[PDB]
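Don't worry about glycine lacking a Cβ; one is built from the backbone with ideal geometry, like all the others, and counts go over all protein chains shown. Values quoted throughout were computed directly from the atomic coordinates according to the rules given, and no laboratory measurement underlies them.
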Amino acid sequence: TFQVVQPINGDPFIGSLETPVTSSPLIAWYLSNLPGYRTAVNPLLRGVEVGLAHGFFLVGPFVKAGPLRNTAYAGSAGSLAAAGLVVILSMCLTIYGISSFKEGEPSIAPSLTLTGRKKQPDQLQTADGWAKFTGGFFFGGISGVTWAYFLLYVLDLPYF
Amino acid sequence: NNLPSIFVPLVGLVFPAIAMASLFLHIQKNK
Amino acid sequence: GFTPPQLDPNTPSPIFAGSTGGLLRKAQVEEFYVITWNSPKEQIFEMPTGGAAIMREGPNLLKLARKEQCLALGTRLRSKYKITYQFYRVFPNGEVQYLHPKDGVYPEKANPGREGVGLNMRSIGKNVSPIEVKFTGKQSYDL
Amino acid sequence: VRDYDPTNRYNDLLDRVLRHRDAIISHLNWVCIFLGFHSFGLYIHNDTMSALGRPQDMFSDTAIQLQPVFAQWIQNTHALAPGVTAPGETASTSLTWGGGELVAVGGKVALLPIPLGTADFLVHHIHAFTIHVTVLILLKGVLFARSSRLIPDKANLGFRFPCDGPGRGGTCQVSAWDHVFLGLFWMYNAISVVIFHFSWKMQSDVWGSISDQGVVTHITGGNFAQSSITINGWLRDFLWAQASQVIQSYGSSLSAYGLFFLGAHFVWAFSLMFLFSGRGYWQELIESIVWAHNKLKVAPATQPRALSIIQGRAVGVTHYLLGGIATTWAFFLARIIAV
Amino acid sequence: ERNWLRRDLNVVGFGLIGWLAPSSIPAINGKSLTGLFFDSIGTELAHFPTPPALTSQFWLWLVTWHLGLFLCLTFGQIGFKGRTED
Amino acid sequence: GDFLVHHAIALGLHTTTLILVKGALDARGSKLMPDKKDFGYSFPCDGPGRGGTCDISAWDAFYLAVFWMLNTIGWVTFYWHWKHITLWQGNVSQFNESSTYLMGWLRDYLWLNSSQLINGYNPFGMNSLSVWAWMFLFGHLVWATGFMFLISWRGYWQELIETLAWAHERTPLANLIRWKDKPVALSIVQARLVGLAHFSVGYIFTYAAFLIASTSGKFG
Amino acid sequence: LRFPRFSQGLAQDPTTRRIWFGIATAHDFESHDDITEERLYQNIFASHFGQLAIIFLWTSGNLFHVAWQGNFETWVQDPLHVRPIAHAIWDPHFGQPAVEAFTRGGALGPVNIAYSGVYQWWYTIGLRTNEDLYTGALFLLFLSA
Amino acid sequence: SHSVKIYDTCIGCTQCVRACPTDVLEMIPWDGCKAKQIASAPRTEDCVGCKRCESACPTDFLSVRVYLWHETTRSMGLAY
Amino acid sequence: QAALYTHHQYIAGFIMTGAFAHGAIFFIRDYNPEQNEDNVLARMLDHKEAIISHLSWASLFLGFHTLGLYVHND
Amino acid sequence: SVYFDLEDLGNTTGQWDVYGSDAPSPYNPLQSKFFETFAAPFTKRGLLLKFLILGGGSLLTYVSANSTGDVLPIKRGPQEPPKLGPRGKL
Ligand code: CLA
Ligand code: CLA
Ligand code: CLA
Ligand code: CLA
Ligand SMILES: CC1=C(/C=C/C(C)=C/C=C/C(C)=C/C=C/C=C(C)/C=C/C=C(C)/C=C/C2=C(C)CCCC2(C)C)C(C)(C)CCC1
Ligand SMILES: CC1=C(C/C=C(\C)CCC[C@H](C)CCC[C@H](C)CCCC(C)C)C(=O)c2ccccc2C1=O
Ligand SMILES: CC1=C(C/C=C(\C)CCC[C@H](C)CCC[C@H](C)CCCC(C)C)C(=O)c2ccccc2C1=O
Ligand code: SF4
């Protein structure tokens, strides 16, 4: 009889299961194309994309819910707060990278695909790769915050 | 005076961050 | 006068549907355990990680994450199904350490050739005071 | 623990639940944390904003509204049911749906429409949070009764055992009995919050007296909407104000409630001795007491022993529940009989 | 783990038709549930983009229509697929 | 009333001394554990055997005596404060008549003198007593948070933490981050200290807020 | 080796218990690795010196803040009708009603009223002007150094 | 690893070695008791500290003793 | 005045607890039975049961009668 | 039904890359040369920490120090005469 849920990769002794939420073709395609999962690309470029996307979002909540939301200084204060949060997150990423990775060691990413094919391990799991990722993320986040502020308060676009 | 406008943020936001980062790096260190 | 059994990797595994209580990153980074036994018929047994499994007739092989899980399963096997078993510790390097029954004779049966470890030839009330071992690296016991 | 036997009583639905319990427990944990952060945190925000002198930054009907629009839609649908979706009915099922009519019997208000606002949103999410936490403690207790990653052989130790020793970093309260012991406290918490909500809402928005000209004077004057959005409001306008009836009942026919108030306080406080302490201290203390009984030849032949670990836990929880419920009972009765 | 739905898109048309056929009968004081829903849709588009009000009848018709439609779709999938497994 | 409260103080002192002396003298061993000196000053238990042995160390005897010390000092300070408040207001007869029964204490000291403190901020505004009301509620919250570590014990929590590790390791976009120290529940002795610190801090802050607010609202 | 430096057993703990127990056993010199009696006594001596330094710094800080932000010279003239000031408040979270409410005494902004009795103690021993408190704070800073 | 010690008051009942949830303890021949046996503890790196062995000992005070000590991955029972 | 009184009394209580705690720590870590044979310090450990039982009696008597009188007045 | 192997422990221990992708870079080459030029100064992890700490310290204190009374209610100060306390105190 047809059954949907199966053990992970056919091994019933590994602590996971394969469900439509995890292994649907649409879901599998969507996750494989996000920057965090492009193991064959320069980490700087993935970090720049992640920073751009995350910095663009942060402006909205700070602007709209902030203590100066009902004043003429709403946009500038919100954007400045978003930039500060981006700076704090960049500091956290740098600290994590320094703590976790040692210079000169090989990558610790897995080198086996789900079908058993051998692949080159991800370079994001090295000190140099994480440093590039963090420096891309900072530059991306600042650029996204600036773009959001520019669009919202330099061009009088019919938003809302 | 204008001094409290500097020292209060300096002691509440900058020094705690520096101390926490240094202490985390110290406790995570191995040889 | 006992040579430990070799581990045969081609032994089939019991029929199981999978669960969330299996192996994790520790098995990849650190050691994990493998238990084997021989069964006279196919029958149902309770998995130590939750659920139920069907054991095959003949040799069986199973991976587990702790020494307590495989000795819980072996105790159940020997008590209920009257089956003998062996288990091993497997390292990520590739070295297999045979663990149990160790002599080929179970621990509760006294066997000549065993060494005595941790035997204090006195009663528990004859240990020295903590003051008499102060500023040294020793303890009141093991002295 | 006892009657589960897959060799003769196999069931696929029960087997499949036990094979993914980690996902269920983790998801329930996340839901509980999310609800606790986004329900009780809004009360702390309100308290801080009120203390700082910023009433325009509070979650309230005047500054930042959180309207329960789903319940209001249901009320509107039920109020307009007669003649549209229930043609055979003459009036609505209840007066609370919001028809607009008032029923008064003997100068008192019987029932009338109950409005919903920002405070009801917060209190309903508090209810949801408490119920979800209780369901977490009970379902974790049921699902991990036989085995876990910590103790693979837990089914051999039984249903009601205290621990498996100080090893594995410590194993206090691993049995399924202890999960019921811990869920009783959360059930008490949830039911107390529910009954407090009912009492304050009824006294503030429904119950009251009606005059000849048709003006309603409620018992507390409709202060629930603006005062219940802070913890200080609950402490001041509900517990402090409405406890004056029970503390002034001496010398009248309601003095029994006043006595029971203090008695239940004592009983509740007495339970903390059994909950915060452990058996070894009391067994060591008894040894010294037995010494002087041997001196005077009055030592019993039935050797005195301290209570077991499970018995101490049970006594503590029983006394804790009795004291709390009796206190609330006396408070409610003394408040409501007088007014 | 692939093609878990056993894709058969004939269900979408059959379910839609088998809901639209009985729901079009005007047993509600000369009006039909589908007709009422479509008139409600037409009325709320006259003030675009302002959303429907809380007291509007649009939401009730929407929920009641989609309940039956989803029931038809789900039962159609179960019936089409279950013929081969039982 | 002075007579009754003095005898209450004597009871508190005697009970605290009993606990501490019993802890000090039984530190090297007893009938239930003859060789306690070999295990140190602080250790969890000797396991569930011999009837069970929770809280058998001298450290656990110290831990249980802090609750009695706090109770005794609370009684002493309540007596002092009520007597001096009634003296300063010029109505010492209130203390003389209302201090012989416990309802008198509860009604004429705690309920009566907390009216100004709980009105530091209300839906109508705030005044200079707002910080003291905020600290009152803060102390209440910290005190009640200590009961979690005192009533619920380790083995519930280690099982709960074991599911979160699986959830993190199976979550996409987050399993790219991993910990360095394996997360575990607090130890058996750690939770006794953490619960007791929360209990003491809440006690101190709540009483300090009440005392200062009640005295300064009336007399400045 | 790693944190804690003084415990080989704790430093090999693979869990988060290494940090908690490393914090809580810092000042128990008797149980540290390779400890002797002489080292114990010398460490106790140094710790006592540090404690004295902390106490002197605390008193100097109290005096400096009272001299800089208080109303000692106004309180001296009319002790029974003036409220002592502990220090000033600078909280960016305050609202305007909070700024107005805490402006008491004779100050130009929000302040705290002192209940430690330092004003009466200092007035009794002969201190009369803000210049005296500054000199005392400087002397106590020198003592701490 | 924890410390497990055996004292010469042991009677050779075997009850401690049957109770251990990990293989830490075993019987060896001896002279000094009627049973001509004593417990041995060769594998204390695998001890979890449960004290199941001490609950099983029939001697007035235990002939087997467990002293908790430095904690490792095995002694904490972690399967992460 | 009230703040000073409460402050000093709470500090005194904590110090009094610490005294007994360190007395117990001394009895565990530093005491030597052989050097202290049959002196005043050693004879206290001999009759600990009498001291503990008499403290228990005093506590029970005080608590019983004080609580009884308070409840009677209430 | 052989899930255990000694020569290959990658599959035995489940060291699989579930969602990793080996496809080449999708970004435009000229766009990539821009970011690989202008983000490059921030890619040294030693300098970035110091730069972020110093910049956050300087920017926060400068914004705080020249903030006006139209933003901070505490920079503006009180605007009403004070009221006397209990017992006729200031
Ligand atoms: C008043 C005391 C108190 C408090 C606050 C809590 C709080 C909590 N208990 Mg709990 N508990 C208590 C007493 C208390 N308990 C008692 C007496 C018992 C009986 C023994 C229990 C028994 C118990 C069990 C059995 C369980 C809990 C669980 C939980 C957690 C539920 C999940 C969650 O996120 O909630 C929401 C969290 C909060 C409301 C706390 C946050 C407080 C606000 C938001 C302040 C936030 C400050 C913010 C982060 C910034 C601070 C930064 C800092 C620098 C200042 C929560 C942390 C469960 C758990 O582990 O999680 C599922 C669980 O299973 N409790
Ligand atoms: C005939 C029985 C009997 C006798 C002669 C004593 C005598 C004594 N007890 Mg005691 N005790 C008893 C029963 C008894 N106890 C019982 C049943 C309990 C358990 C509740 C206790 C619990 C107890 C404690 C906890 C302590 C004493 C202590 C003491 C000594 C101090 C004097 C005193 O009144 O303490 C007060 C004694 C009590 C309050 C006990 C309650 C009285 C009970 C209800 C009487 C029961 C009598 C019994 C039913 C006889 C039935 C006779 C029938 C068969 C013909 C004294 C030697 C104290 C002492 O010196 O420590 C060593 C002490 O701390 N007792
Ligand atoms: C309000 C709570 C409360 C109360 C009442 C007590 C009371 C007591 N504690 Mg205690 N304790 C508490 C909280 C409390 N503790 C807490 C929170 C802790 C910290 C964990 C401790 C820690 C502690 C220690 C460490 C010790 C005590 C001890 C004692 C006893 C000595 C005092 C005395 O003279 O007896 C007062 C007398 C009574 C309370 C008797 C009342 C009897 C009535 C008549 C019972 C009526 C029965 C019923 C109505 C009839 C049957 C009906 C049916 C429904 C049951 C006393 C029973 C000491 C002890 O037991 O040794 C002597 C001791 O060593 N306590
Ligand atoms: C004790 C130290 C301290 C200090 C000085 C502050 C100061 C401040 N907090 Mg705050 N806070 C603190 C502790 C502190 N907090 C704690 C412990 C909590 C947890 C409960 C909070 C939670 C909190 C919330 C929830 C909010 C604040 C907000 C604010 C700001 C008030 C509103 C304003 O001026 O908006 C004007 C804002 C701006 C002009 C932009 C932000 C200011 C700078 C320019 C940001 C960039 C600085 C830098 C790049 C990043 C930091 C560098 C790092 C080294 C520290 C003010 C700067 C509010 C706010 O607006 O924050 C953004 C706010 O909503 N705080
Ligand atoms: C002249 C006069 C008088 C007199 C008085 C007196 C004489 C007093 C006394 C007093 C006293 C007499 C007090 C006491 C106290 C005590 C205490 C408080 C104790 C404590 C203890 C402890 C704490 C201990 C500890 C320890 C231990 C436990 C062990 C080891 C050792 C040691 C020591 C460490 C009068 C007033 C009458 C009148 C007027 C005149
Ligand atoms: C107080 C306390 C005790 C001591 C309480 C005891 C010993 C319970 C028994 C007390 C009653 C009063 C014994 C009654 C004995 C006879 C029935 C008395 C007959 C004489 C007349 C009353 C008829 C524990 O043993 C204990 C154990 C584990 C955790 C916490 C605690 C705990 O807190
Ligand atoms: C809640 C609870 C936990 C779980 C609680 C945990 C794991 C909390 C861990 C700390 C978190 C991360 C919050 C830390 C908050 C501090 C304010 C931050 C550090 C402060 C420094 C000064 C150290 C236990 O582990 C436990 C163990 C034994 C008996 C009772 C309990 C118990 O009640
Ligand atoms: S005796 Fe008490 S403290 Fe010790 S393991 Fe059992 S429950 Fe935990």
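For chain D, the longest principal axis of the C-alpha atoms and the axis of helix D:118-143 are separated by about 20°. When exposed loop sites are taken as chymotrypsin sites (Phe, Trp or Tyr not before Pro) in a DSSP loop with at most 14 other Cβ atoms within 10 Å, the longest stretch of chain F clear of them is F:1-123.
Counting charges near F:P44 (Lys, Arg +1; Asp, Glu -1) among other residues having Cβ under 10 Å from its Cβ returns a value of -1.
For F:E97, the shell of other residues with beta-carbons less than 15 Å away shows a net charge of -1, using +1 for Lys and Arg and -1 for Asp and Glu.
Taking chain H, the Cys residues with no second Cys beta-carbon under 4.7 angstrom are H:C10, H:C13, H:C20, H:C33, H:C47, H:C50, H:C57.
Please give the Cα centre distance for segment G:69-145 versus segment C:1-54, rounded to the nearest Å. Centre-to-centre (Cα) distance: 75 Å.
Between segment A:123-160 and segment H:1-62, the C-alpha centres lie 65 angstrom from each other.
Counting only Cα atoms, the size of segment A:1-115 along its three principal axes is 65, 45, 24 Å, in decreasing order. A simple rule links phi to the HN-Hα coupling: the Karplus curve 6.51 cos²θ - 1.76 cosθ + 1.60 with θ = phi - 60°, which for segment F:38-54 gives 7, 9, x, 6, 10, 7, x, 5, 10, x, x, x, 6, x, x, 9, 4 Hz, with x for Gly and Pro. Tell me whether the protein assembly as shown comes out rounded, prolate or oblate; compute the Cα gyration tensor, take square roots of the eigenvalues as a ≥ b ≥ c, and use a/c under 1.5 as the rounded threshold. Taking the square roots of the gyration eigenvalues as a ≥ b ≥ c, the protein assembly as shown is rounded. Would you mind checking the tilt of helix F:188-219 against the longest principal axis of the Cα atoms of chain F, expressed as 0 to 90 degrees and rounded to 10? The answer is roughly 20 degrees.
Within a Cβ distance under 15 Å of B:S22, other residues only, what is the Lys/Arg minus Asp/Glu net charge?
Cβ neighbours under 15 Å give a net charge of +2.
Note on chain D: semi-axes of the ellipsoid equivalent to its C-alpha gyration tensor, largest first and rounded to whole Å, are 46, 32, 20.
Of the residues J:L9, A:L155, the one with the fewest other Cβ atoms within 10 Å heads the list, and the complete ranking is A:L155, J:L9. Counting only alpha carbon atoms, the long axis of helix F:130-151 and the longest principal axis of chain F meet at about 40°.
GNM on chain D, alpha-carbon springs under 10 angstrom: the most fluctuating residue among D:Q303, D:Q75, D:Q67 is D:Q303. Candidate membrane-span-like segments in chain G, meaning DSSP H helices with Cα atoms spread over at least 20 Å of their own axis and a Kyte-Doolittle mean of -0.5 or above, are G:37-69, G:130-144, with no membrane implied. Seen through its C-alpha gyration tensor, with square-root eigenvalues sorted a ≥ b ≥ c, segment G:1-76 comes out oblate because a/c lies at 1.5 or above while a/b is not bigger than b/c.
A P(r) calculated from all alpha carbon pairs of chain G, with 5 Å bins opening at zero, reads 1, 8, 13, 12, 11, 9, 9, 8, 9, 9, 6, 3, 1, 0 percent.
Highest GNM mean-square fluctuation among D:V298, D:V17, D:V69, for chain D modelled with Cα contacts below 10 Å: D:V298.
Using the Cβ-Cβ distance between D:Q56 and J:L54 with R0 = 30 Å, the FRET efficiency computed as 1/(1 + (r/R0)^6) comes to roughly 0.20.
Sparsely packed loop sites in segment A:47-151 (the trypsin sites (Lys or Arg not before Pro) outside DSSP H, G, I, E and B with at most 12 other Cβ atoms within 10 Å) comprise A:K102, A:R117. Note on J:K33: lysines with a C-alpha under 19 Å away, same-chain residues under 8 apart excluded, are A:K132, J:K44. Ranked for footprinting exposure by Cβ neighbours inside 10 Å, fewest first, H:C20, C:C70 give H:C20, C:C70.
Fewest-first ordering of D:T118, C:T49, G:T59, E:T34 by other beta carbons within 10 Å of each residue's beta carbon gives G:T59, E:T34, D:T118, C:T49.
Rounded, prolate or oblate: which fits segment C:3-143, taking a ≥ b ≥ c as square roots of the Cα gyration tensor eigenvalues, rounded meaning a/c under 1.5, else prolate when a/b beats b/c? The shape class here is prolate. Between D:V17 and G:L80, the modelled label-to-label distance comes to 7.8 nm, taking each label 7 Å out from Cα in the direction of the beta carbon.
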